[PDB]
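>>> Enclosed are the sequence and the experimentally obtained structure.
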Amino acid sequence: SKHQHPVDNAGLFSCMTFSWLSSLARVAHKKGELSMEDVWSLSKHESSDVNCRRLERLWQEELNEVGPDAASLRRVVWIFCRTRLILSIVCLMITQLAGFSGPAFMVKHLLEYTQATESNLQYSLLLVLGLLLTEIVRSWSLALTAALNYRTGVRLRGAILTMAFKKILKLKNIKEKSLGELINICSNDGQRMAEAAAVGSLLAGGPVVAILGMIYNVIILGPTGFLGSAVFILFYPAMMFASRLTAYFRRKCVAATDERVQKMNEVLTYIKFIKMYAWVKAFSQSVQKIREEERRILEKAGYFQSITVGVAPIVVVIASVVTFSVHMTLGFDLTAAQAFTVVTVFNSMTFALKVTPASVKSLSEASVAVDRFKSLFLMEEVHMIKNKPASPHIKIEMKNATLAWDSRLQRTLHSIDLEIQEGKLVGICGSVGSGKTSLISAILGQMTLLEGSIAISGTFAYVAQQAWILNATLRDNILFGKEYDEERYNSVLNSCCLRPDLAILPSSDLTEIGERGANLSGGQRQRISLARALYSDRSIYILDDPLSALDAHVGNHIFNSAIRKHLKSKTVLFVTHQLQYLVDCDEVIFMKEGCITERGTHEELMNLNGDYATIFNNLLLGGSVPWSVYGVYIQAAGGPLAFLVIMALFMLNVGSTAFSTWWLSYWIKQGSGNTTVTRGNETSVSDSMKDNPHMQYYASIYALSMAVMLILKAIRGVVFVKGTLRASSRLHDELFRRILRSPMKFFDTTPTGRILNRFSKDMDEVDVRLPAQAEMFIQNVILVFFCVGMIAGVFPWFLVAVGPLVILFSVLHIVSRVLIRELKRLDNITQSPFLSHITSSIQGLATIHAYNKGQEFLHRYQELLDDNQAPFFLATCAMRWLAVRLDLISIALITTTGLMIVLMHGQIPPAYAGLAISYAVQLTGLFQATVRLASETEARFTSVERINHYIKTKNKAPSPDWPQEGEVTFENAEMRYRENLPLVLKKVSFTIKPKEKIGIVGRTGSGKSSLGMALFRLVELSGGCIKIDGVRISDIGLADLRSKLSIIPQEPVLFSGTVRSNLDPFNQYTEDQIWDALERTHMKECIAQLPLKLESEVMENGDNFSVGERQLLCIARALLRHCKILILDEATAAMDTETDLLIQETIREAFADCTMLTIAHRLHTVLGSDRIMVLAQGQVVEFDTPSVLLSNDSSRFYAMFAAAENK
């Protein structure tokens, strides 16, 4: 025994057969759920610390030997992994030698014995035992070499991830890389390296058995054997070519699918505007046009992908046909054993296309990860000041320090003579870019030194800008790895006045805040950072501006409560940006261009009449998938007929190869037509296929069988893709149709992102991932069924031997895959906390570096890495554990087939026995693929299930001229937003009459926002009646209702595409009317100067236009329709001193001859209206015209107007 982990306790046989996992497999099967407690802890050999130390030692050794610039991290990886890679390579060599010598020798000798006229029992038994032993030791050696590299990949990932984390923690240039790269390299590069070391180490595998096969087939045959090798070496860079073509088709049309996702997001977020404008048909047409363009390249991508999914038997059949059709017709002889040895070795070399491309892609990923890690390891490292001042009273000492920045020595500071003393309240103020932040960073230690010296005699309590903080509960953010003291905690809370924050928070001390703060604000974040700094109890406090945008009153209160009183015995480096915080400061310094100009306390600062005094004066002045899915999936695919057609086509595709093999066996068995050939003085029939009179007929039938197989494969490839894509298209169309027609309440309750997830992730998965795995699963299942049926046909006793084996396979399947699903779930729910403490760590590094808490952070990161890697290691080992048990069935089937062949010697033709053993040795590696494909399809069906259930859960004839007038009346309308919700409309009744300027305004939540969509009938009326032009709103069609109405929302909304498309999506309005509307809204010149003349294209939300132009575009909208009732919402504050007035001028100039149901929350912009109503809590209380309402002081509206004037 070496460790508590059963992996170390396992010897040779247990490790080879993965017997250690059958102590957790049983408990997982019995309980049905695997938790982190049941998962064994990581071994000390695979522990992060030891492997990281070894990797660092090797890296430093190579850096010292070769050089910082000429070193290679690939050499470091090779040196680290050589010990566990050499033995794995040897094991792969021996297992691939056994797997090649099995069919080449054991099958050939067995078939030669079958053709022999004698009958030997001991020899046949010895041959069967030898073949069984060879296959058993091949499978076991493969399992051993997989387990050997699985551990070293995990240990390499663990060693490199912590080293990368330490490097990014100790780097100086935080902004050198991006946010999405530092997190990716510490979370995905390690996994890429692990999977590379796991699967790509077999690069010396498939190729070596392939070249061994090429060397073979030339001794038994003649020169014809080179044609079989040429066929393989031309077919490989054809499946590779198809894979490259499908990869090129991928990452293409991704722009189209991103445009579709953006359009769906725009139609979901701005669904109120579209539903209030009847712009549904045009948007639906737009998305249909985008989708049909997407599934025009998606169809080709699927066509090219479906070629290389099941090529395992097709390549062997093609090579055999090409070899035999020219070997027989050239006069050469061919026997059953001679012909079937080539087929068996071709099937053996077939076990390269499944692994080699994956190995190459893993090696490429490992190489690019190594290059990126090397680039990470070559940047400058941050430094910490260790020199101390000669006088202990001096805290920070620096004399004539250049202290250049980086870009590299970027000169920013010049001749700084700081003499900071212990216990001071100084402040370094200056212009932006003069070197204030540069000086702060230099004090922290992230600055290089050229001339002078830097002396620090204490730790830094530095708070960073933007308040990065941590990503945990609001208790460790204040302690920051310190002992919890009640008195200190209460003092810190009282100093920073955090009691109201705790009171308003739901969980108070237990409240959880994200990396940036979800239920938090900038001021609260800064207060939390200040509290953490106060509780830190350090010597020097590097106080970066905490109150730049926090507040004034409470900011001064916390400043004079904590910085002045609590922070008296500690050094203060408070940056200052307002200049009233240094009235009590001990020494005020003002530095410009990196040089100190004024020193001393404040009194000298004003009496010297410097720049600081001028600035101060200026500032003072200023799961299981049910059967419903499978069924509906196929029902959406076209019903039972489509599934039956697909199944029949797959069976025909497999049966093409099956019939080719059967015809080859028939040609071998038929002999020379039972004719006699004169070989001299003896004439006694013949036993050579070359003497068969109908040899050309057999060759032609073989060639036709190959052609038919190719045609069937092409037909399946071009049909199955269409069948699996039409289902996705129909599902997407139905989902869009039901979502667009669904009440708005579905949008208010269900989040927009949740709906969008069904069109960006679920839809893409359904389109590209699930059909790909389903095709291979179906192909493997049909191939296995056909092989089993044909094997049983030759010997009518395979069913009785396979029945118990089928039961064993079913028992294995039900026992397993549960510890796989649970292990994957555990890996995900341990990697999510691994993304925690990583995204936060990269987001904020200056605070960590200044506080010197880089050791406990690294320890926590290593602990998280180990607790995430252990489930990953177990999950990786589970695949090989299942593969061993499935091989225990595969080799058993092969042994049973061989025993049946040897027992029935003389009653079975050699070709029939040979085909059986060829298919038996072809059965290898099929159950392992089949179960994995079934599990993957079951997992992928969760997306289809999530998509599903979403589609599950006249009277009055309007006049052609309606509305002739703009008369609006309300008859005690009763309305509510949703059921079981507080009422928003309470017996509201009023009269508008055409030609009005209603200036509706009320308190928040009173019901002002309800009006608008209330008139448009976004949700059905719960009571009351509303009449337009004497006609009730109800009992009218949706288009008729929301087609003669217009409204401009609060925030301008613009759709991506074309300006013409935004102005006229239906394309039925004349250009002259559009230009007249633009002229009336004052657009003309500034929009006519565009190079494309209004076809200039608009980005998302109109990001290429100014805010004023964005508002003016929406103002110009609804002018073309010349609608009567306008329900223009709030203008979202005033824009400048002229743009707002111009907008108002255009607004009243355009909509002058019609009603004006404008809603504005500003009392200054509502003045001059013809008549204004005031609605409070859903009741009308004031209808008497602003003017008349004004004279009356008792009216509320006058009180609000006076309050607004006062404020």
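Yes, it's here. Numbering: from 1, shown residues only.

>>> Can you give me the end-to-end span of stretch 576-587?
Separation of the first and last residues of stretch 576-587 by Cα to Cα, to the nearest Å is 13 Å.

>>> Residue 1161 contacts residue 1000, correct?
No - counting by Cβ atoms under 8 Å, no contact exists between residue 1161 and residue 1000, whose distance comes to 10.0 Å. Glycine gets a C-beta too; all of them are placed from N, C-alpha and C.

>>> The two: which is more packed in?
For residue 1161 versus residue 1000, the count of surrounding residues by other Cβ atoms under 10 Å is larger for residue 1000: 20 against 17.

>>> Look up the closest residue to the more buried one, ignoring the ones flanking it.
residue 1159 (4.6 Å; Cβ to Cβ, 6 or more residues apart in numbering).

>>> roughly how far apart are the one you found and residue 972?
21 Å (Cβ to Cβ, to the nearest Å).

>>> Residue 350 now?
Relative to residue 972, residue 350 is positioned 81 Å away (criterion: Cβ to Cβ).

>>> Tell me the buried residues in the helix or strand harbouring residue 800?
Take DSSP states H and E as the rule and residue 800 turns out to sit in helix 798-815. By 16 or more other Cβ atoms under 10 Å, the buried positions in helix 798-815 come out as 798, 801, 802, 805, 809, 812, 813, 815.

>>> What of stretch 755-773?
Residues 755-756, 758-760, 762-768, 770-773 are the ones in stretch 755-773 that count as buried (16+ other Cβ under 10 Å).

>>> For residue 898, which non-adjacent residue is closest in space?
Nearest-residue entry for residue 898: residue 128, 4.7 Å, with adjacent residues in sequence omitted and distances by Cβ to Cβ, 6+ apart.

>>> how many other residues sit next to residue 678?
Other residues near residue 678 number 7, with proximity taken as other Cβ under 10 Å.

>>> SS state for it?
Each residue gets one of three states, and residue 678 gets coil by DSSP: H, G, I helix; E, B strand; the rest coil.

>>> What separation do you get for it and residue 686?
According to Cβ to Cβ, residue 678 stands 10 Å off from residue 686.

>>> For the stretch 301-450 of the chain, just list every one of the helices.
312-327, 336-349, 356-377, 436-444 (DSSP state H, counting those that start in this stretch).

>>> Doesn't the residue nearest to residue 1000 belong to a strand?
No - using three-state DSSP, the assignment for residue 1159 is coil, not a strand.

>>> so who does it touch?
Residues in contact with residue 1159 (Cβ atoms under 8 Å, 6 or more residues apart in numbering) are 999, 1000, 1001, 1008, 1011, 1012, 1127, 1128, 1129, 1130.

>>> Looking at these, which is nearest residue 730?
residue 1012 (36.4 Å; Cβ to Cβ).

>>> surely residue 653 meets residue 716?
Yes - look at residue 653 against residue 716 with Cβ under 8 Å: they come within range, at 4.8 Å.

>>> The two: which has the busier surroundings?
For residue 653 against residue 716, the residue with the higher neighbour count under other Cβ under 10 Å is residue 653, and the figures read 25 against 22.

>>> What residues does that one make contact with?
709, 712, 713, 716, 779, 782.

>>> Just list what the helix or strand containing the third one packs against, helices and strands only.
It refers to residue 713. Residue 713 is located in helix 695-741, with elements delineated by DSSP H and E. Other elements packing on helix 695-741 under the criterion 3 or more Cβ pairs under 8 Å, 6 or more residues apart in numbering; DSSP states H and E are helix 281-305, helix 312-327, helix 627-637, helix 640-670, helix 752-760, helix 762-768, helix 770-794, helix 927-947.

>>> Quick one, which of those helices gets closest to residue 1198.
Across those, the minimum distance to residue 1198, taken as Cβ to Cβ, is reached by helix 752-760, at 41.6 Å.

>>> now the closest one and helix 695-741, what's the angle there?
When axes from the mean of the first three to the mean of the last three Cα atoms, to 10 degrees is applied, the directions of helix 752-760 and helix 695-741 differ by 160 degrees.

>>> what angle do helix 752-760 and helix 281-305 make?
Counting by the same axes, to 10 degrees, helix 752-760 lies at 50 degrees to helix 281-305.

>>> can you offset everything so residue one is 524?
With the count now opening at 524, the last piece we talked about shows up as helix 1275-1283.

>>> Measure how helix 1275-1283 sits relative to helix 1450-1470, angle-wise.
130 degrees.

>>> hmm, back to that, the helices and strands packed on helix 1218-1264: which one's closest to residue 581?
Using Cβ to Cβ, the nearest of these to residue 581 is helix 1450-1470, at 36.0 Å.

>>> so after that closest one, what's the next helix or strand?
With elements assigned by DSSP H and E, the helix or strand that comes after helix 1450-1470 is strand 1491-1498.

>>> what does that following strand contact?
So strand 1491-1498 is in contact with 1506-1516, 1533, 1537-1538, 1542, 1544-1551, 1648, 1678, 1680, going by Cβ under 8 Å, 6+ apart.

>>> my read: residue 1435 touches residue 1317, true?
Yes - applying Cβ under 8 Å as the test, residue 1435 and residue 1317 come out as touching, 4.7 Å apart.

>>> and the one residue sitting closest to the centre of the chain, what does it touch?
Computing the C-alpha centroid of the chain and ranking residues by Cα atoms, centre = their mean puts residue 1284 first, at 8.6 Å. By Cβ under 8 Å, 6+ apart, the contact list for residue 1284 reads residue 1466.

>>> And for residue 1318?
Listed by Cβ under 8 Å, 6+ apart, the contact set of residue 1318 reads 1420, 1423, 1424, 1427, 1431, 1439.

>>> Fine by me, thanks again.
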